[PDB]
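These notes concern the structure reproduced below.
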Ligand SMILES: *[C@@H]1O[C@H](CO)[C@@H](O)[C@H](O)[C@H]1NC(C)=O
């Protein structure tokens, strides 16, 4: 009874980060060493847990949060980070517990002439709370003049698109992120690694 | 205060994207975020 991580990692379309995608994982076993030792990952930061004893442990619930960001911003998908992504698009809590995994998807999500399927939120009247998802599209009032719901002067559409092009530098090229949350709360614990 | 400057900075990156310079449009985006946090 295997945990379906291919649907998360090996999936076709990823979400824009402002509308990140969340998959619940319960009632299964999961060879994590497959993930760690498929070694296709420019990042594999884990917190409150060791990425080698993952097979040994079990958890109540697992969530798998996934999305695309450029490579610079991957540093922000870690507890405690500030910045345009961790502020306005996807925030991790101080007490995070889980892993964060990213790989370069220049082949997939870059297009000649710019790939605009991927947006981020640039404006937001305040920082995101942890795991808060704000898929709002209201016009952002930056100055003292009402926006009446239309873009204009200090009245900006809050989503800006990435311009993914294969000819970008490595920092501007799209990365696919998968953040796994290991929920250890008071419950039987239904998700277990390859070893008890 | 900054009411005018912001608009003009926003307009830059919008124009740059239109002209193709995507990395530069994105580096201005970054700076608009930092500019609006700076109190
Ligand atoms: C995704 O597919 C590759 C090979 O196509 C495989 O090595 C990898 O383990 C798969 N991902 C998961 C989570 O099983």
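Don't overthink the numbers, they just go from 1 along the chain as shown.
Per deposition record, X-ray crystallography, 2.5 Å.
Placement of Cβ uses the backbone N, Cα and C atoms for every residue, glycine included.
Listed features, source Swiss-Prot:
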DISULFID  A:3-A:28  disulfide bond
DISULFID  A:46-A:99  disulfide bond
DISULFID  A:58-A:192  disulfide bond
DISULFID  A:147-A:155  disulfide bond
CARBOHYD  A:10  N-linked glycosylation site
REGION    A:115-123  region 'Immunodominant HLA epitope recognized by the CD8+'
REGION    A:122-157  region 'Disordered'
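Per the PDB entry, these features apply:
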SEQADV    A:194-196  expression tag
(message) What residues elsewhere in the chain lie close to the region 'Disordered' (A:122-157), defined as a C-beta under 8 angstroms and at least 6 residues from its ends?
(response) 18-20, 22, 84, 86-93, 96
(request) Name the secondary structure element type, per DSSP in three states, that contains the residue listed as 'N-linked glycosylation site'. (result) coil
(message) Please identify which of A:3, A:10, A:99 has the densest Cβ environment, defined as other Cβ atoms within 10 Å, among these recorded positions.
(response) A:99
(request) Helix, strand, coil: count each for the residues of the region 'Immunodominant HLA epitope recognized by the CD8+' (A:115-123), based on DSSP. (result) 0 helix, 4 strand, 5 coil
(request) Would you mind sorting out which recorded positions among A:10, A:28, A:99, A:147, A:192 put a C-beta under 6 angstroms from ligand 1? (result) A:10
(message) What does the structure give for the C-alpha distance between residue A:99 (disulfide bond) and residue A:147 (disulfide bond)? Integer Å is fine.
(response) 41
(message) For residue A:28 (disulfide bond), which of the listed recorded positions (A:10, A:46, A:192) have their CA atom within 10 A of its CA?
(response) A:192
(request) Count the Cβ atoms, other than its own, that fall within 10 Å of the Cβ of residue A:147 (disulfide bond), considering every protein chain shown. (result) 17
(request) With residue A:192 (disulfide bond) as the reference Cα, tell me which of the recorded positions A:3, A:10, A:155 is the closest one. (result) A:3
(message) Please list, in sequence order, the residues in the chain of residue A:155 (disulfide bond) that are at least six apart in sequence and whose C-beta is under 8 Å away from its C-beta.
(response) A:139, A:140, A:141, A:142, A:143, A:145, A:147
(message) Taking only same-chain residues 6+ apart in sequence, whose CB is under 8 Å from that of residue A:58 (disulfide bond), what do you get?
(response) A:189, A:190, A:191, A:192, A:193, A:196
(request) Would you mind splitting the expression tag (A:194-196) into helix, strand and coil residue counts from DSSP? (result) 0 helix, 0 strand, 3 coil
(request) Report the member of A:28, A:46 (the disulfide-bonded residues) whose C-beta atom has the most other C-beta atoms within 10 angstroms. (result) A:46
